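See structure below.
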Amino acid sequence: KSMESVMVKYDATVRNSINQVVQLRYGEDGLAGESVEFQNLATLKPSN
Amino acid sequence: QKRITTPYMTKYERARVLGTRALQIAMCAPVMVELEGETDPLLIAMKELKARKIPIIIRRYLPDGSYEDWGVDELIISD
Amino acid sequence: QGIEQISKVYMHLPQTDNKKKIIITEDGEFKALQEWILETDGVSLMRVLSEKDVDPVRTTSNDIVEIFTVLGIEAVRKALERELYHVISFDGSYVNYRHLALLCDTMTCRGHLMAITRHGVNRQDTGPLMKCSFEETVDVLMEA
Amino acid sequence: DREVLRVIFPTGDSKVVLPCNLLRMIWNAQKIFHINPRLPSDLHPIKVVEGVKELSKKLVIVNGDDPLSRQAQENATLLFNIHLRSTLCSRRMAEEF
Amino acid sequence: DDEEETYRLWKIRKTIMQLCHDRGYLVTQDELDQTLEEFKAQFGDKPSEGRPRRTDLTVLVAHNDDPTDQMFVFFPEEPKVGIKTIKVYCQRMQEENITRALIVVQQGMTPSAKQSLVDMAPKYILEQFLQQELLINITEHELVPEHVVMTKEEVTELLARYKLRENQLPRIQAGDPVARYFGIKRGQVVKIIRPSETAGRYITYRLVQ
């Protein structure tokens, strides 16, 4: 009921029926969940 | 000119375009592609989509009330 | 002595990385220090934060209303995300972060804690037919 | 970018969710082109760097030349750009891939 | 006790300095990094019946962009601030022609003065702050992301870029603790910068309403 009209619009923003902006880009990166998958950042953990 | 929408055809756009064009073909609309042994309007519409010959223009309405008119031939098909 | 509304306080060392204190050593490696973190059976976030020798940054509460009234709506967004992720991942299940973010953003969109229950949903402004779909259709139409 | 990643993930968790699986794509390229890991390669480091730069330019989430749009694009593709640079670095390309 | 109370006064003063620095008022790095022993050196006595008094602890700052524009910070000694106290501060502000003042308050303030501040709000902007609230700088909390008050030009640019109306943006209540910390009024916009596990960084905009 709360999130029925929330939508990715043709401007790539996420808005509800009122047209208020919920997110500027869906998921904050503008990517669909199907295509993404887990990966490891190589430069994070290792020492200097 | 001055188009901000994605150049790619959305999945929903593809579905609606295919359905509408198949309905027209079933209602005997001229076929823009050369069909060979094809009778199913959906298959004919898919062939036309692959050929980028579907004579349909998508009017994408932006949130601000403006709209952009994109040709099916102009858009990039997922397949 | 002590702070009111806090019944019991437990002190223990965390055996999990999330509750451990992660720092960056001189070599640049991530070291998970084992530090003393204490929890409470009551909530007084302002007082506990103002208490001396209490980390004012990492210290937090599991009460969204307290987080709202102390730290603000953005802090509510973050803490709500964290709690919802905690409940989802407690059993080892995983949910894409974007759904969590969308739910929290919708809940905190209006600047105040909007309850998904009808009590908070009625606050949201919506067409007459939308409010009718919610509840109280006949009277809503009467007023409209 | 390493410092940026340190800020983004203080806990040091390297597991992240990103669109393109660069490691699997590199493996696919090796198998497709019969890359022999023993012989010296003909891939030139400045070619690697320039290709990464141009690819980063091509990966657009927010389009627009205004500073606001540019900043939005940079933030939208910050993590993926960092991972792309780290994976497609000249050092790794010449050494392992 | 007096040791704990002077430690408090130091903590509230430090939080006030950080608040002014965030708001953009000129504040020296020593004032920001003023140790407890440094504060006790500045005043040199216990608070109760001693040199450091709430009247002596008032702070005057000047805006970085406009040196003429200044902000007052007032500590009233009375545990319950009265209409006479607010009038004293009002006339004092009239003397220097300073519009903005933060009246840090003790355990409570009188309701009549609560409405008096609103009545005098246009001519003079007085913001009441609890000592308990100021005992900790909430902006340094991990949950709170970075807040930046957008200039009107920046807001206009944002609305032009996204072809938005001010109504369409997400909202932040004027009574929000961070909004009060930054002293933002209705109609302003806050640019919130927060790290994103999916994108790395994300910028949101909240309208003060």
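Labeling convention for the structure tokens: chains A, B, ... as they appear, residues from 1 per chain, ligands from 1 in order of appearance.
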
What are the residues of chain D lining chain B at 12 Å or less? Count only C-alpha atoms, and put the answer as a VMD selection string. chain D and resid 60 to 64

Suppose we keep N, CA and C atoms; can you now write the selection as a CSV table (one decimal), in the first residue's frame?
```csv
chain,number,residue,atom,x,y,z
D,60,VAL,N,28.1,5.5,-18.6
D,60,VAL,CA,27.4,6.7,-18.2
D,60,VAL,C,26.1,6.2,-17.5
D,61,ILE,N,25.9,6.6,-16.3
D,61,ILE,CA,24.6,6.4,-15.6
D,61,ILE,C,23.8,7.7,-15.6
D,62,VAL,N,24.5,8.8,-15.3
D,62,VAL,CA,23.9,10.1,-15.4
D,62,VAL,C,24.5,10.9,-16.6
D,63,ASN,N,23.7,11.3,-17.5
D,63,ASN,CA,24.2,12.0,-18.7
D,63,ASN,C,24.0,13.5,-18.6
D,64,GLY,N,25.0,14.3,-19.0
D,64,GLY,CA,25.0,15.7,-19.0
D,64,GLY,C,26.4,16.3,-18.7
```

Using only C-alpha atoms, find which residues of chain E lie within 12 Å of chain B and jot them down as a CSV table (one decimal) with N, CA and C atoms, in the first residue's frame.
```csv
chain,number,residue,atom,x,y,z
E,159,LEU,N,17.1,22.5,-9.2
E,159,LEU,CA,15.8,22.4,-9.7
E,159,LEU,C,15.7,22.6,-11.2
E,160,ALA,N,16.6,23.4,-11.8
E,160,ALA,CA,16.7,23.5,-13.2
E,160,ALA,C,17.2,22.2,-13.8
E,161,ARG,N,18.3,21.6,-13.2
E,161,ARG,CA,18.9,20.4,-13.7
E,161,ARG,C,17.9,19.2,-13.7
E,162,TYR,N,17.1,19.0,-12.6
E,162,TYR,CA,16.2,17.9,-12.6
E,162,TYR,C,14.8,18.3,-13.0
E,163,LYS,N,14.6,19.5,-13.4
E,163,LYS,CA,13.2,20.0,-13.8
E,163,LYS,C,12.2,19.7,-12.7
E,164,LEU,N,12.6,20.0,-11.5
E,164,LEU,CA,11.8,19.7,-10.3
E,164,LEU,C,11.1,20.9,-9.8
E,165,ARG,N,10.1,20.7,-8.9
E,165,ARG,CA,9.6,21.7,-8.0
E,165,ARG,C,10.1,21.5,-6.6
E,168,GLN,N,8.5,18.7,-4.8
E,168,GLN,CA,8.7,17.3,-5.2
E,168,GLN,C,9.9,16.7,-4.5
```

Close residues, residue E:6 itself excluded, 10 Å, only C-alpha atoms, min 6 positions apart in chain, as a PyMOL selection string: chain E and resi 12+36+39-40+45-48+52-53

I need the chain A residues near chain C as JSON, numbers by chain; criterion: at most 10 Å, counting only C-alpha atoms. {"A": [1, 2, 3, 6, 14, 15, 16, 17, 18, 20, 21, 22, 23, 26, 27, 28, 29, 30, 31, 32, 33, 34, 36, 37, 44, 45, 46, 47, 48]}

For the selection you just gave me, I'd like the residues written to a file as a PDB file, in the first residue's frame, keeping C-alpha atoms.
```pdb
ATOM      1  CA  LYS A   1       0.000   0.000   0.000  1.00  0.00           C
ATOM      2  CA  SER A   2       2.829   2.413   0.814  1.00  0.00           C
ATOM      3  CA  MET A   3       5.080   1.440  -2.116  1.00  0.00           C
ATOM      4  CA  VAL A   6       6.883   3.983  -6.496  1.00  0.00           C
ATOM      5  CA  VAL A  14      12.393   6.927  -8.610  1.00  0.00           C
ATOM      6  CA  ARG A  15       9.068   8.602  -7.831  1.00  0.00           C
ATOM      7  CA  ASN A  16       5.650   7.737  -6.418  1.00  0.00           C
ATOM      8  CA  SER A  17       2.174   8.570  -7.725  1.00  0.00           C
ATOM      9  CA  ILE A  18       2.444  12.088  -6.270  1.00  0.00           C
ATOM     10  CA  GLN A  20       7.723  13.148  -5.391  1.00  0.00           C
ATOM     11  CA  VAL A  21      11.326  12.024  -5.803  1.00  0.00           C
ATOM     12  CA  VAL A  22      12.099   9.012  -3.609  1.00  0.00           C
ATOM     13  CA  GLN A  23      15.526   8.243  -5.090  1.00  0.00           C
ATOM     14  CA  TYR A  26      17.205   3.470  -8.412  1.00  0.00           C
ATOM     15  CA  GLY A  27      19.217   1.719  -5.725  1.00  0.00           C
ATOM     16  CA  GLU A  28      21.455   4.824  -5.643  1.00  0.00           C
ATOM     17  CA  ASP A  29      23.538   3.446  -8.909  1.00  0.00           C
ATOM     18  CA  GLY A  30      20.816   3.149 -11.564  1.00  0.00           C
ATOM     19  CA  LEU A  31      21.332  -0.595 -12.077  1.00  0.00           C
ATOM     20  CA  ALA A  32      18.831  -3.446 -12.145  1.00  0.00           C
ATOM     21  CA  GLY A  33      19.250  -6.161  -9.545  1.00  0.00           C
ATOM     22  CA  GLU A  34      19.262  -9.039 -12.029  1.00  0.00           C
ATOM     23  CA  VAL A  36      24.626  -7.374 -10.735  1.00  0.00           C
ATOM     24  CA  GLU A  37      26.459 -10.093  -8.823  1.00  0.00           C
ATOM     25  CA  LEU A  44      40.660  -2.876  -0.156  1.00  0.00           C
ATOM     26  CA  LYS A  45      42.106  -5.571   2.125  1.00  0.00           C
ATOM     27  CA  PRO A  46      45.805  -5.884   1.177  1.00  0.00           C
ATOM     28  CA  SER A  47      48.498  -4.043   3.109  1.00  0.00           C
ATOM     29  CA  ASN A  48      50.299  -0.975   1.781  1.00  0.00           C
TER      30      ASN A  48
END
```

Residues of chain C no more than 12 Å from chain E, counting only C-alpha atoms: send them over as number ranges by chain. C: 45-52, 54-61, 64, 66-82, 96-101, 105-113

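Here atom CA of residue E:195 is placed at a distance of 14.2 Å from atom CA of residue D:71.
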
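The smallest atom-to-atom distance between chain A and any of B:62, B:71, B:76, B:43, using only C-alpha atoms, is found for B:62.
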
Distance limit 10 Å, atoms considered: only C-alpha atoms. Which chain D residues sit that close to chain C? Return them as a VMD selection string. chain D and resid 6 10 to 13 17

Should the cut-off be 12 Å, what would the residue list for chain D against chain A look like, counting only C-alpha atoms, as a ChimeraX atom specification? /D:1-24,59-63,69,72-89,92

Rows by chain and residue number, chain E within 6 Å of chain D, shortest pair, only C-alpha atoms, as a Markdown table:
```
| residue | atom | partner | partner_atom | distance |
| --- | --- | --- | --- | --- |
| E:195 | CA | D:8 | CA | 5.9 |
| E:199 | CA | D:76 | CA | 5.0 |
| E:200 | CA | D:79 | CA | 5.0 |
| E:201 | CA | D:75 | CA | 5.2 |
```

Export, as a short mmCIF file (atom, residue, chain, number, x, y, z; two decimals), in the first residue's frame, the selected residues with C-alpha atoms.
```
data_model
loop_
_atom_site.label_atom_id
_atom_site.label_comp_id
_atom_site.auth_asym_id
_atom_site.auth_seq_id
_atom_site.Cartn_x
_atom_site.Cartn_y
_atom_site.Cartn_z
CA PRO E 195 28.44 6.66 1.36
CA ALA E 199 27.40 3.33 -5.79
CA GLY E 200 30.10 4.39 -3.31
CA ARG E 201 28.61 7.83 -2.74
#
```

Would you please give, as a ChimeraX atom specification, all residues of chain B that DSSP assigns to alpha helix (DSSP H) based on the backbone? /B:11-26,41-51

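The gap separating atom CA of residue E:68 from atom CA of residue E:89 is 19.2 Å, in Å to one decimal.
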
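Listed by chain and then by rising number, the residues of chain C that DSSP assigns to strand (DSSP E) from the backbone are residues 9, 10, 11, 12, 21, 22, 23, 24, 30, 31, 32, 33, 37, 38, 39 and 40 of chain C.
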